[PDB]
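**Q** Just so it is clear, I am handing over model-v9.pdb, which has PDB, C-alpha atoms.
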```pdb
MODEL        1
ATOM      1  CA  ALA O1053      20.418 -42.014  -3.018
ATOM      2  CA  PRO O1054      22.280 -41.034  -6.241
ATOM      3  CA  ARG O1055      21.596 -44.311  -8.056
ATOM      4  CA  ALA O1056      18.662 -45.474  -5.916
ATOM      5  CA  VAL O1057      16.267 -42.596  -6.387
ATOM      6  CA  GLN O1058      17.676 -42.039  -9.838
ATOM      7  CA  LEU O1059      16.182 -45.481 -10.496
ATOM      8  CA  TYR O1060      13.069 -44.111  -8.775
ATOM      9  CA  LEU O1061      13.083 -41.320 -11.359
ATOM     10  CA  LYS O1062      13.975 -43.740 -14.162
ATOM     11  CA  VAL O1063      10.599 -45.326 -13.526
ATOM     12  CA  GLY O1064       9.392 -41.818 -12.936
ATOM     13  CA  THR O1065       6.269 -40.068 -11.631
ATOM     14  CA  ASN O1066       5.311 -36.857  -9.858
ATOM     15  CA  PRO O1067       5.140 -38.871  -6.582
ATOM     16  CA  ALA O1068       8.477 -40.421  -7.563
ATOM     17  CA  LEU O1069       9.987 -36.979  -8.158
ATOM     18  CA  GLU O1070       8.690 -35.526  -4.897
ATOM     19  CA  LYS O1071       9.809 -38.615  -2.967
ATOM     20  CA  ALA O1072      13.238 -38.383  -4.600
ATOM     21  CA  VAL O1073      13.155 -34.793  -3.328
ATOM     22  CA  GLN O1074      12.302 -36.189   0.109
ATOM     23  CA  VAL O1075      15.278 -38.523  -0.270
ATOM     24  CA  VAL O1076      17.368 -35.399  -0.857
ATOM     25  CA  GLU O1077      15.787 -34.189   2.400
ATOM     26  CA  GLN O1078      16.959 -37.423   4.036
ATOM     27  CA  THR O1079      20.422 -37.231   2.453
ATOM     28  CA  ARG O1080      20.913 -33.421   2.590
ATOM     29  CA  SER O1081      23.196 -33.722  -0.436
ATOM     30  CA  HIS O1082      23.306 -31.760  -3.682
ATOM     31  CA  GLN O1083      24.965 -34.652  -5.509
ATOM     32  CA  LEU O1084      21.574 -36.189  -5.091
ATOM     33  CA  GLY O1085      20.691 -32.774  -6.470
ATOM     34  CA  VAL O1086      22.820 -33.831  -9.402
ATOM     35  CA  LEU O1087      20.527 -36.876  -9.690
ATOM     36  CA  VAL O1088      17.186 -35.507  -8.415
ATOM     37  CA  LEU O1089      17.266 -31.719  -8.705
ATOM     38  CA  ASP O1090      18.776 -31.975 -12.187
ATOM     39  CA  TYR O1091      15.986 -34.412 -13.044
ATOM     40  CA  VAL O1092      13.473 -31.952 -11.542
ATOM     41  CA  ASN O1093      14.547 -28.833 -13.412
ATOM     42  CA  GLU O1094      15.577 -30.450 -16.700
ATOM     43  CA  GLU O1095      12.641 -32.877 -16.978
ATOM     44  CA  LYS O1096       9.544 -31.115 -15.573
ATOM     45  CA  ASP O1097       7.449 -28.138 -16.662
ATOM     46  CA  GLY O1098       7.460 -24.971 -14.574
ATOM     47  CA  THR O1099       4.464 -25.783 -12.354
ATOM     48  CA  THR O1100       5.236 -29.125 -10.698
ATOM     49  CA  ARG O1101       9.016 -28.632 -10.741
ATOM     50  CA  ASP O1102       8.384 -25.342  -8.918
ATOM     51  CA  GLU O1103       7.062 -27.093  -5.824
ATOM     52  CA  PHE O1104       9.568 -29.908  -6.465
ATOM     53  CA  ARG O1105      12.612 -27.754  -5.901
ATOM     54  CA  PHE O1106      10.656 -25.732  -3.378
ATOM     55  CA  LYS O1107      10.675 -28.776  -1.102
ATOM     56  CA  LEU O1108      14.123 -29.658  -2.523
ATOM     57  CA  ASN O1109      15.370 -26.227  -1.434
ATOM     58  CA  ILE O1110      13.929 -27.453   1.834
ATOM     59  CA  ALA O1111      16.124 -30.480   1.111
ATOM     60  CA  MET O1112      19.139 -28.438   0.041
ATOM     61  CA  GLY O1113      18.638 -25.919   2.845
ATOM     62  CA  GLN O1114      18.435 -22.809   0.668
ATOM     63  CA  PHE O1115      15.497 -20.589   1.522
ATOM     64  CA  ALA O1116      16.137 -17.367  -0.286
ATOM     65  CA  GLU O1117      15.739 -19.715  -3.249
ATOM     66  CA  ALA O1118      12.652 -21.435  -1.781
ATOM     67  CA  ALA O1119      11.157 -18.019  -1.053
ATOM     68  CA  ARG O1120      11.835 -17.242  -4.712
ATOM     69  CA  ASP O1121      10.193 -20.567  -5.649
ATOM     70  CA  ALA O1122       6.880 -19.778  -4.020
ATOM     71  CA  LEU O1123       7.301 -16.140  -5.056
ATOM     72  CA  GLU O1124       7.531 -17.212  -8.684
ATOM     73  CA  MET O1125       4.525 -19.549  -8.622
ATOM     74  CA  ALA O1126       2.614 -16.852  -6.726
ATOM     75  CA  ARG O1127       3.533 -14.211  -9.298
ATOM     76  CA  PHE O1128       2.544 -16.714 -11.983
ATOM     77  CA  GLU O1129      -0.940 -16.764 -10.452
ATOM     78  CA  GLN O1130      -0.822 -13.023  -9.627
ATOM     79  CA  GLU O1131      -1.158 -11.902 -13.246
ATOM     80  CA  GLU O1132      -4.254 -14.035 -13.899
ATOM     81  CA  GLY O1133      -6.851 -12.896 -11.339
ATOM     82  CA  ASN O1134      -6.043 -15.758  -8.934
ATOM     83  CA  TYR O1135      -3.952 -13.538  -6.675
ATOM     84  CA  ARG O1136      -5.733 -14.734  -3.517
ATOM     85  CA  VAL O1137      -4.032 -18.113  -3.986
ATOM     86  CA  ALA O1138      -0.877 -16.129  -4.778
ATOM     87  CA  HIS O1139      -1.046 -14.360  -1.403
ATOM     88  CA  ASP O1140      -1.700 -17.795   0.094
ATOM     89  CA  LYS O1141       1.455 -19.186  -1.546
ATOM     90  CA  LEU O1142       3.630 -16.202  -0.584
ATOM     91  CA  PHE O1143       2.626 -16.342   3.044
ATOM     92  CA  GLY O1144       2.646 -20.135   2.930
ATOM     93  CA  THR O1145       6.347 -20.026   2.196
ATOM     94  CA  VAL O1146       6.584 -17.287   4.839
ATOM     95  CA  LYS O1147       5.351 -19.708   7.506
ATOM     96  CA  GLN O1148       7.094 -22.709   5.903
ATOM     97  CA  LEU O1149      10.437 -20.906   5.973
ATOM     98  CA  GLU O1150       9.722 -19.519   9.449
ATOM     99  CA  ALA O1151       9.350 -23.190  10.366
ATOM    100  CA  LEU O1152      12.669 -23.768   8.541
ATOM    101  CA  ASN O1153      14.818 -21.223  10.445
ATOM    102  CA  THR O1154      14.409 -18.565   7.718
ATOM    103  CA  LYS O1155      11.723 -16.430   6.091
ATOM    104  CA  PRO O1156      11.246 -14.738   2.715
ATOM    105  CA  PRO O1157      12.994 -11.364   2.528
ATOM    106  CA  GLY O1158      11.358  -7.958   2.174
ATOM    107  CA  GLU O1159      10.996  -8.427  -1.590
ATOM    108  CA  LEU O1160       8.418 -11.200  -1.177
ATOM    109  CA  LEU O1161       6.810  -9.041   1.512
ATOM    110  CA  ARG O1162       6.610  -6.170  -0.986
ATOM    111  CA  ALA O1163       5.114  -8.527  -3.572
ATOM    112  CA  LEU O1164       2.656  -9.410  -0.806
ATOM    113  CA  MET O1165       1.942  -5.664  -0.438
ATOM    114  CA  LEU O1166       1.579  -5.221  -4.211
ATOM    115  CA  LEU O1167      -1.010  -7.989  -4.139
ATOM    116  CA  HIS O1168      -2.649  -6.797  -0.910
ATOM    117  CA  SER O1169      -2.881  -3.203  -2.138
ATOM    118  CA  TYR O1170      -5.413  -4.386  -4.727
ATOM    119  CA  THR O1171      -6.905  -7.220  -2.657
ATOM    120  CA  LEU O1172      -7.832  -5.080   0.356
ATOM    121  CA  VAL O1173      -9.614  -2.512  -1.833
ATOM    122  CA  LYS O1174     -12.386  -4.956  -2.757
ATOM    123  CA  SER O1175     -12.843  -5.476   0.995
ATOM    124  CA  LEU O1176     -12.962  -1.681   1.509
ATOM    125  CA  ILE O1177     -14.896  -0.616  -1.625
ATOM    126  CA  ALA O1178     -18.356  -1.395  -0.206
ATOM    127  CA  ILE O1179     -18.035  -1.120   3.597
ATOM    128  CA  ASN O1180     -17.973   2.724   3.363
ATOM    129  CA  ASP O1181     -14.183   2.582   3.663
ATOM    130  CA  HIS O1182     -14.172   4.175   0.209
ATOM    131  CA  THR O1183     -11.477   6.607   1.370
ATOM    132  CA  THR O1184      -8.952   3.891   2.225
ATOM    133  CA  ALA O1185     -10.097   1.762  -0.729
ATOM    134  CA  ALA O1186      -9.361   4.592  -3.167
ATOM    135  CA  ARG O1187      -6.127   5.515  -1.366
ATOM    136  CA  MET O1188      -4.972   1.900  -1.335
ATOM    137  CA  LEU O1189      -5.814   1.717  -5.043
ATOM    138  CA  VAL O1190      -3.538   4.729  -5.445
ATOM    139  CA  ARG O1191      -0.934   2.681  -3.558
ATOM    140  CA  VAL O1192      -1.288  -0.357  -5.854
ATOM    141  CA  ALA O1193      -1.153   1.892  -8.933
ATOM    142  CA  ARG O1194       1.980   3.507  -7.466
ATOM    143  CA  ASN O1195       4.151   0.393  -7.025
ATOM    144  CA  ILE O1196       2.567  -1.633  -9.833
ATOM    145  CA  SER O1197       4.905  -4.333 -11.120
ATOM    146  CA  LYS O1198       3.210  -7.711 -10.514
ATOM    147  CA  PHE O1199      -0.339  -7.000 -11.778
ATOM    148  CA  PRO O1200      -0.056  -6.250 -15.510
ATOM    149  CA  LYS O1201      -3.390  -8.038 -15.868
ATOM    150  CA  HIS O1202      -5.059  -5.921 -13.187
ATOM    151  CA  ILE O1203      -3.425  -2.580 -14.049
ATOM    152  CA  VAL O1204      -6.293  -1.558 -16.344
ATOM    153  CA  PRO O1205      -8.807  -2.664 -13.649
ATOM    154  CA  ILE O1206      -6.521  -1.068 -11.025
ATOM    155  CA  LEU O1207      -6.547   2.321 -12.746
ATOM    156  CA  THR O1208     -10.235   2.086 -13.726
ATOM    157  CA  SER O1209     -11.305   1.249 -10.175
ATOM    158  CA  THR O1210      -8.888   3.879  -8.833
ATOM    159  CA  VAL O1211     -10.283   6.728 -10.920
ATOM    160  CA  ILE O1212     -13.920   5.762 -10.350
ATOM    161  CA  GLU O1213     -13.323   5.267  -6.602
ATOM    162  CA  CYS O1214     -11.471   8.567  -6.191
ATOM    163  CA  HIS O1215     -14.334  10.143  -8.136
ATOM    164  CA  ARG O1216     -16.867   8.497  -5.791
ATOM    165  CA  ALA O1217     -14.942   8.492  -2.474
ATOM    166  CA  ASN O1218     -14.410  12.277  -2.088
ATOM    167  CA  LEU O1219     -10.787  11.833  -3.174
ATOM    168  CA  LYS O1220     -11.271  14.197  -6.102
ATOM    169  CA  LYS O1221      -7.746  15.640  -5.879
ATOM    170  CA  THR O1222      -6.152  12.268  -6.608
ATOM    171  CA  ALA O1223      -9.030  11.645  -9.006
ATOM    172  CA  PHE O1224      -7.920  14.878 -10.700
ATOM    173  CA  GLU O1225      -4.244  13.920 -10.839
ATOM    174  CA  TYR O1226      -5.199  10.450 -12.064
ATOM    175  CA  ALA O1227      -7.384  12.044 -14.748
ATOM    176  CA  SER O1228      -4.235  14.042 -15.540
ATOM    177  CA  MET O1229      -2.453  10.754 -16.280
ATOM    178  CA  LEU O1230      -5.583   9.513 -18.060
ATOM    179  CA  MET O1231      -4.666  11.761 -21.019
ATOM    180  CA  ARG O1232      -3.620   8.553 -22.749
ATOM    181  CA  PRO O1233      -6.617   7.723 -25.004
ATOM    182  CA  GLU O1234      -6.165   4.049 -24.107
ATOM    183  CA  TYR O1235      -6.952   4.896 -20.479
ATOM    184  CA  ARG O1236      -9.254   7.823 -21.282
ATOM    185  CA  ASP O1237     -11.615   5.420 -23.078
ATOM    186  CA  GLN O1238     -11.785   2.575 -20.552
ATOM    187  CA  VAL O1239     -14.015   4.994 -18.636
ATOM    188  CA  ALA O1240     -17.099   6.342 -20.406
ATOM    189  CA  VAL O1241     -16.778   8.929 -23.173
ATOM    190  CA  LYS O1242     -18.880  11.328 -21.087
ATOM    191  CA  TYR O1243     -16.391  10.774 -18.264
ATOM    192  CA  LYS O1244     -13.613  11.240 -20.840
ATOM    193  CA  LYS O1245     -14.961  14.689 -21.729
ATOM    194  CA  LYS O1246     -15.414  15.364 -18.008
ATOM    195  CA  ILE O1247     -11.737  14.462 -17.483
ATOM    196  CA  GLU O1248     -10.670  16.743 -20.338
ATOM    197  CA  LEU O1249     -12.798  19.561 -18.915
ATOM    198  CA  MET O1250     -11.555  19.159 -15.340
ATOM    199  CA  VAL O1251      -7.884  18.978 -16.351
ATOM    200  CA  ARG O1252      -7.814  21.552 -19.175
ATOM    201  CA  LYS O1253      -9.723  23.887 -16.888
ATOM    202  CA  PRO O1254      -8.994  23.893 -13.137
ATOM    203  CA  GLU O1255     -10.443  20.871 -11.358
ATOM    204  CA  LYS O1256     -14.094  21.111 -10.333
ATOM    205  CA  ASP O1257     -14.161  20.542  -6.538
ATOM    206  CA  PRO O1258     -10.768  18.974  -5.692
ATOM    207  CA  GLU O1259     -10.895  17.153  -2.361
ATOM    208  CA  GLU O1260      -9.352  14.267  -0.435
ATOM    209  CA  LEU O1261     -10.870  11.950   2.149
ATOM    210  CA  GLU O1262      -7.626  11.068   3.906
ATOM    211  CA  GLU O1263      -6.899   7.728   5.528
ATOM    212  CA  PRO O1264      -6.967   7.473   9.352
ATOM    213  CA  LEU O1265      -3.207   7.890   9.798
ATOM    214  CA  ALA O1266      -1.622   5.495  12.284
ATOM    215  CA  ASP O1267       1.762   5.645  13.983
ATOM    216  CA  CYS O1268       5.092   3.846  13.796
ATOM    217  CA  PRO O1269       5.640   0.906  16.184
ATOM    218  CA  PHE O1270       9.297   1.598  16.911
ATOM    219  CA  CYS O1271       9.716   5.331  17.584
ATOM    220  CA  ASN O1272       6.083   6.448  17.136
ATOM    221  CA  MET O1273       5.673   8.815  14.271
ATOM    222  CA  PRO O1274       2.172   9.161  12.732
ATOM    223  CA  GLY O1275       2.959   8.417   9.109
ATOM    224  CA  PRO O1276       0.554   7.655   6.289
ATOM    225  CA  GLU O1277      -1.361   4.389   6.493
ATOM    226  CA  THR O1278      -0.512   2.865   3.133
ATOM    227  CA  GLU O1279       3.262   3.385   3.273
ATOM    228  CA  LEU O1280       4.510   0.597   5.545
ATOM    229  CA  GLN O1281       7.935   1.905   6.540
ATOM    230  CA  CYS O1282       9.269   2.581  10.037
ATOM    231  CA  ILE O1283      10.751   5.932   8.982
ATOM    232  CA  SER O1284      10.959   6.804  12.673
ATOM    233  CA  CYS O1285      13.500   3.978  13.024
ATOM    234  CA  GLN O1286      14.482   3.478   9.331
ATOM    235  CA  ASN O1287      13.052  -0.053   9.380
ATOM    236  CA  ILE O1288      10.311  -1.921   7.541
ATOM    237  CA  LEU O1289       7.004  -1.277   9.255
ATOM    238  CA  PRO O1290       4.741  -4.300   9.829
ATOM    239  CA  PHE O1291       2.047  -5.000   7.297
ATOM    240  CA  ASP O1292      -1.535  -4.411   8.384
ATOM    241  CA  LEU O1293      -4.221  -6.574   6.848
ATOM    242  CA  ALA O1294      -6.507  -4.420   9.036
ATOM    243  CA  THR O1295      -6.904  -1.489   6.661
ATOM    244  CA  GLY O1296      -3.342  -1.180   5.383
ATOM    245  CA  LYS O1297      -2.410   1.121   8.277
ATOM    246  CA  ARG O1298       0.565   1.557  10.578
ATOM    247  CA  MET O1299       1.025  -0.127  13.970
ATOM    248  CA  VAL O1300      -1.383   1.539  16.376
ATOM    249  CA  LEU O1301       0.312   1.451  19.777
ATOM    250  CA  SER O1302      -2.922   0.561  21.598
ATOM    251  CA  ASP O1303      -4.747  -1.868  19.256
ATOM    252  CA  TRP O1304      -1.957  -4.142  18.057
ATOM    253  CA  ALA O1305      -3.191  -7.638  17.225
ATOM    254  CA  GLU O1306      -1.913 -10.582  15.244
ATOM    255  CA  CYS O1307      -3.337 -12.358  12.243
ATOM    256  CA  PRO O1308      -4.360 -15.205  14.531
ATOM    257  CA  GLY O1309      -4.911 -17.907  11.935
ATOM    258  CA  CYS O1310      -1.479 -17.210  10.500
ATOM    259  CA  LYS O1311       0.536 -15.059  13.012
ATOM    260  CA  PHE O1312       1.078 -11.861  11.041
ATOM    261  CA  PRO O1313       0.835  -8.089  11.620
ATOM    262  CA  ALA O1314      -2.721  -6.832  12.067
ATOM    263  CA  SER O1315      -4.555  -4.150  14.046
ATOM    264  CA  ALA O1316      -7.823  -5.285  15.617
ATOM    265  CA  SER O1317      -9.345  -1.777  15.614
ATOM    266  CA  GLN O1318      -9.593  -2.339  11.852
ATOM    267  CA  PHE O1319      -8.555  -6.009  11.637
ATOM    268  CA  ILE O1320     -11.738  -6.988  13.472
ATOM    269  CA  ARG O1321     -13.612  -4.974  10.832
ATOM    270  CA  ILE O1322     -11.760  -6.635   7.951
ATOM    271  CA  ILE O1323     -12.290 -10.155   9.347
ATOM    272  CA  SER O1324     -15.971  -9.367   9.921
ATOM    273  CA  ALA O1325     -16.229  -8.073   6.341
ATOM    274  CA  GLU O1326     -14.442 -11.131   4.907
ATOM    275  CA  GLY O1327     -15.408 -13.919   7.326
ATOM    276  CA  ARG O1328     -11.844 -15.285   7.195
ATOM    277  CA  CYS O1329      -8.259 -14.215   6.646
ATOM    278  CA  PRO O1330      -7.927 -13.360   2.915
ATOM    279  CA  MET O1331      -4.285 -14.349   3.033
ATOM    280  CA  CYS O1332      -4.134 -18.037   3.992
ATOM    281  CA  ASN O1333      -7.823 -18.682   3.127
ATOM    282  CA  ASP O1334      -8.189 -20.094   6.673
ATOM    283  CA  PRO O1335     -11.373 -19.533   8.705
ATOM    284  CA  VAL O1336     -10.748 -16.672  11.128
ATOM    285  CA  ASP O1337     -13.574 -14.881  12.933
ATOM    286  CA  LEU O1338     -13.802 -12.115  15.546
ATOM    287  CA  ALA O1339     -13.348 -14.482  18.495
ATOM    288  CA  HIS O1340     -10.347 -15.944  16.681
ATOM    289  CA  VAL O1341      -8.903 -12.418  16.353
ATOM    290  CA  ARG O1342      -6.982 -12.080  19.620
ATOM    291  CA  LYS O1343      -5.389  -8.785  20.605
ATOM    292  CA  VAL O1344      -1.777  -8.827  21.733
ATOM    293  CA  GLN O1345      -1.924  -5.951  24.182
ATOM    294  CA  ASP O1346       1.801  -5.081  24.107
ATOM    295  CA  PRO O1347       3.128  -3.325  20.970
ATOM    296  CA  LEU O1348       6.689  -3.997  22.179
ATOM    297  CA  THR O1349       5.968  -7.630  21.309
ATOM    298  CA  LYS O1350       5.474  -6.389  17.760
ATOM    299  CA  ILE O1351       8.595  -4.216  18.074
ATOM    300  CA  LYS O1352      10.702  -7.296  18.785
ATOM    301  CA  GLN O1353       8.611  -9.356  16.334
ATOM    302  CA  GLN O1354       9.223  -6.914  13.478
ATOM    303  CA  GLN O1355      12.904  -6.786  14.428
ATOM    304  CA  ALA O1356      12.929 -10.597  14.244
ATOM    305  CA  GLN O1357      10.963 -10.556  10.962
ATOM    306  CA  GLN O1358      13.595  -8.238   9.501
ATOM    307  CA  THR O1359      16.385 -10.313  11.102
ATOM    308  CA  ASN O1360      15.394 -13.896  10.260
ATOM    309  CA  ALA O1361      15.288 -13.853   6.429
ATOM    310  CA  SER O1362      19.101 -14.001   6.261
ATOM    311  CA  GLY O1363      19.749 -17.527   7.522
ATOM    312  CA  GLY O1364      20.497 -20.572   5.441
ATOM    313  CA  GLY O1365      17.949 -22.868   7.042
ATOM    314  CA  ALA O1366      17.368 -26.592   7.545
ATOM    315  CA  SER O1367      20.118 -28.064   5.375
TER     316      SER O1367
ENDMDL
END
```
If you convert what's in this file into structure tokens, what do you get?
**A**
Amino acid sequence: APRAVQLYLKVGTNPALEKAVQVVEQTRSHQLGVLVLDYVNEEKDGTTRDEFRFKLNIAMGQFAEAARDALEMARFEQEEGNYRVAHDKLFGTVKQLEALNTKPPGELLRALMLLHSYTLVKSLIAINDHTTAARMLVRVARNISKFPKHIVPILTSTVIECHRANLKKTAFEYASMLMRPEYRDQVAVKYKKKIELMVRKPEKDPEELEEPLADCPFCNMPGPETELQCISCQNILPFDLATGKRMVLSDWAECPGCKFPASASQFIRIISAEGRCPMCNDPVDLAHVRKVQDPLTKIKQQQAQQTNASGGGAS
């Protein structure tokens, strides 16, 4: 180990580095991490070393850190338009760490929601789910921290959707925060004068097409769709890829290619509209989408999902 695979790194390749990592996995020692991990993070650039001490954190048995590893490569590819692969990497470490007695905490899950709150819109912008597309755009423009590339597209698509989805009240209060001439001019100048007219004067026809509000899994309160919080039980509510809704207590279903919160009443629609899960990029169809008919399974599954990110892991 400490001299052997240091010789293996003295010769030195990307396969040599990842196999020295696997020798840390064999040895389960961080003094090999003095001779492999140190080599990894003081000899390699931030892309290949990222997966190197991802699987080395698998070696060293730290999985808050490995969750941060795939979180950081995913947020590297989040701010470039490749956020589908970013969602793939975030939930890839979710299942990797769930196979390693851990999982990423709620912060990687909220990065997953920041990504999903702009990803799902493009799957709802043309299926006449314009209401939830515009609302979920409002959600991604609310908690925006990991799409500084998409924030100008996020706000542009949000204001044009809420103009064209009968969400003219949030279109009005987004046009109110479009008084910045940077964001008043990304839309057309005619729409800029329309914005000035509808804000300076009272808004012409304010309206909202609300989302089909679902209910909490734990203690059953019908909260808003896009906020995923069990405020009936003060827990984190499971994350619907279906339409970004809450856990319906009659149409609970998993994400069957990847075993995640879904809701087949709208998850069947979203899989039909996408042809596959837009979160592991794995082929899932309607017959693959299998309903789990007991929402108490998701009650205990969300309790486990909140109460499995704390462990150390396979060390």
**Q** Please list as a PDB file with C-alpha atoms, in the coordinates of the input every residue within 10 Å of residue 1365 of chain O, counting only C-alpha atoms and excluding residues in the same chain fewer than 3 positions away.
**A**
```pdb
ATOM      1  CA  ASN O1109      15.370 -26.227  -1.434  1.00  0.00           C
ATOM      2  CA  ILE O1110      13.929 -27.453   1.834  1.00  0.00           C
ATOM      3  CA  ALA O1111      16.124 -30.480   1.111  1.00  0.00           C
ATOM      4  CA  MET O1112      19.139 -28.438   0.041  1.00  0.00           C
ATOM      5  CA  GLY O1113      18.638 -25.919   2.845  1.00  0.00           C
ATOM      6  CA  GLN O1114      18.435 -22.809   0.668  1.00  0.00           C
ATOM      7  CA  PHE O1115      15.497 -20.589   1.522  1.00  0.00           C
ATOM      8  CA  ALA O1116      16.137 -17.367  -0.286  1.00  0.00           C
ATOM      9  CA  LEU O1149      10.437 -20.906   5.973  1.00  0.00           C
ATOM     10  CA  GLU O1150       9.722 -19.519   9.449  1.00  0.00           C
ATOM     11  CA  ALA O1151       9.350 -23.190  10.366  1.00  0.00           C
ATOM     12  CA  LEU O1152      12.669 -23.768   8.541  1.00  0.00           C
ATOM     13  CA  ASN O1153      14.818 -21.223  10.445  1.00  0.00           C
ATOM     14  CA  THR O1154      14.409 -18.565   7.718  1.00  0.00           C
ATOM     15  CA  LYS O1155      11.723 -16.430   6.091  1.00  0.00           C
ATOM     16  CA  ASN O1360      15.394 -13.896  10.260  1.00  0.00           C
ATOM     17  CA  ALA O1361      15.288 -13.853   6.429  1.00  0.00           C
ATOM     18  CA  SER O1362      19.101 -14.001   6.261  1.00  0.00           C
TER      19      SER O1362
END
```
**Q** Every residue with an atom at most 9 Å from (7.6, -16.4, -3.4) (file coordinates; all atoms listed in the file) is what I'm after, so could you write them as a PyMOL selection string?
**A** chain O and resi 1117-1127+1138+1141-1146+1156+1159-1161+1163-1164
**Q** Just so the selection is clear, what residues does the PyMOL selection byres ((chain O and resi 1340-1350) around 8) cover here, as a PyMOL selection string?
**A** chain O and resi 1269+1299+1301-1309+1313+1316+1319-1320+1336-1339+1351-1354
**Q** Those same residues - C-alpha atoms - I'd like them written as a CSV table (one decimal), in the frame of the given file.
**A**
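Below is the file result-v6.csv, written as the result:
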```csv
chain,number,residue,atom,x,y,z
O,1269,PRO,CA,5.6,0.9,16.2
O,1299,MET,CA,1.0,-0.1,14.0
O,1301,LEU,CA,0.3,1.5,19.8
O,1302,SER,CA,-2.9,0.6,21.6
O,1303,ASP,CA,-4.7,-1.9,19.3
O,1304,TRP,CA,-2.0,-4.1,18.1
O,1305,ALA,CA,-3.2,-7.6,17.2
O,1306,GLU,CA,-1.9,-10.6,15.2
O,1307,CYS,CA,-3.3,-12.4,12.2
O,1308,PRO,CA,-4.4,-15.2,14.5
O,1309,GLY,CA,-4.9,-17.9,11.9
O,1313,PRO,CA,0.8,-8.1,11.6
O,1316,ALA,CA,-7.8,-5.3,15.6
O,1319,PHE,CA,-8.6,-6.0,11.6
O,1320,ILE,CA,-11.7,-7.0,13.5
O,1336,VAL,CA,-10.7,-16.7,11.1
O,1337,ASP,CA,-13.6,-14.9,12.9
O,1338,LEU,CA,-13.8,-12.1,15.5
O,1339,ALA,CA,-13.3,-14.5,18.5
O,1351,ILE,CA,8.6,-4.2,18.1
O,1352,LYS,CA,10.7,-7.3,18.8
O,1353,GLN,CA,8.6,-9.4,16.3
O,1354,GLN,CA,9.2,-6.9,13.5
```
**Q** Name the residues that the PyMOL selection byres ((chain O and resi 1257) around 12) picks from the file above, as a ChimeraX atom specification, using the file's chain letters and numbers.
**A** /O:1215,1218-1224,1250-1251,1253-1256,1258-1260
**Q** Output the residue selection produced by the PyMOL selection byres ((chain O and resi 1287) around 12) on the file above, formatted as a PDB file with C-alpha atoms, in the coordinates of the input.
**A**
```pdb
ATOM      1  CA  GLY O1158      11.358  -7.958   2.174  1.00  0.00           C
ATOM      2  CA  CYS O1268       5.092   3.846  13.796  1.00  0.00           C
ATOM      3  CA  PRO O1269       5.640   0.906  16.184  1.00  0.00           C
ATOM      4  CA  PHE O1270       9.297   1.598  16.911  1.00  0.00           C
ATOM      5  CA  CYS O1271       9.716   5.331  17.584  1.00  0.00           C
ATOM      6  CA  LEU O1280       4.510   0.597   5.545  1.00  0.00           C
ATOM      7  CA  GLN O1281       7.935   1.905   6.540  1.00  0.00           C
ATOM      8  CA  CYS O1282       9.269   2.581  10.037  1.00  0.00           C
ATOM      9  CA  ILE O1283      10.751   5.932   8.982  1.00  0.00           C
ATOM     10  CA  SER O1284      10.959   6.804  12.673  1.00  0.00           C
ATOM     11  CA  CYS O1285      13.500   3.978  13.024  1.00  0.00           C
ATOM     12  CA  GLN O1286      14.482   3.478   9.331  1.00  0.00           C
ATOM     13  CA  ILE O1288      10.311  -1.921   7.541  1.00  0.00           C
ATOM     14  CA  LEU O1289       7.004  -1.277   9.255  1.00  0.00           C
ATOM     15  CA  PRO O1290       4.741  -4.300   9.829  1.00  0.00           C
ATOM     16  CA  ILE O1351       8.595  -4.216  18.074  1.00  0.00           C
ATOM     17  CA  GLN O1354       9.223  -6.914  13.478  1.00  0.00           C
ATOM     18  CA  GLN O1355      12.904  -6.786  14.428  1.00  0.00           C
ATOM     19  CA  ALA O1356      12.929 -10.597  14.244  1.00  0.00           C
ATOM     20  CA  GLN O1357      10.963 -10.556  10.962  1.00  0.00           C
ATOM     21  CA  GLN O1358      13.595  -8.238   9.501  1.00  0.00           C
ATOM     22  CA  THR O1359      16.385 -10.313  11.102  1.00  0.00           C
TER      23      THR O1359
END
```
**Q** Write out as a ChimeraX atom specification each polymer residue whose atoms come within 9 Å of residue 1104 of chain O, counting all atoms listed in the file; drop sequence neighbours fewer than 4 positions from it.
**A** /O:1066,1069-1070,1073,1089,1092-1093,1099-1100,1108-1109
**Q** In Å, rounded to a single decimal, give me how far atom CA of residue 1332 of chain O is from atom CA of residue 1147 of chain O.
**A**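 Separating atom CA of residue 1147 of chain O from atom CA of residue 1332 of chain O is a distance of 10.3 Å.
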**Q** Taking 2 positions as the minimum chain separation for residues in the same chain, which residues sit within 12 Å of residue 1068 of chain O when counting all atoms listed in the file? Answer as a VMD selection string.
**A** chain O and resid 1056 to 1066 1070 to 1075 1088 1091 to 1092 1104
**Q** Give me, as a PDB file with C-alpha atoms, in the frame of the given file, all polymer residues having an atom no more than 10 Å from residue 1239 of chain O, counting only C-alpha atoms and skipping those fewer than 6 positions away in the same chain.
**A**
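Result file selection-v4.pdb:
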```
ATOM      1  CA  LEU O1207      -6.547   2.321 -12.746  1.00  0.00           C
ATOM      2  CA  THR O1208     -10.235   2.086 -13.726  1.00  0.00           C
ATOM      3  CA  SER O1209     -11.305   1.249 -10.175  1.00  0.00           C
ATOM      4  CA  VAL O1211     -10.283   6.728 -10.920  1.00  0.00           C
ATOM      5  CA  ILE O1212     -13.920   5.762 -10.350  1.00  0.00           C
ATOM      6  CA  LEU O1230      -5.583   9.513 -18.060  1.00  0.00           C
ATOM      7  CA  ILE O1247     -11.737  14.462 -17.483  1.00  0.00           C
TER       8      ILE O1247
END
```
**Q** Figure out the distance between atom CA of residue 1327 of chain O and atom CA of residue 1204 of chain O, please, to one decimal in Å.
**A** 28.2 Å
**Q** What's the separation between atom CA of residue 1103 of chain O and atom CA of residue 1292 of chain O, in Å to one decimal place?
**A**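 Distance reported for this atom pair: 28.1 Å.
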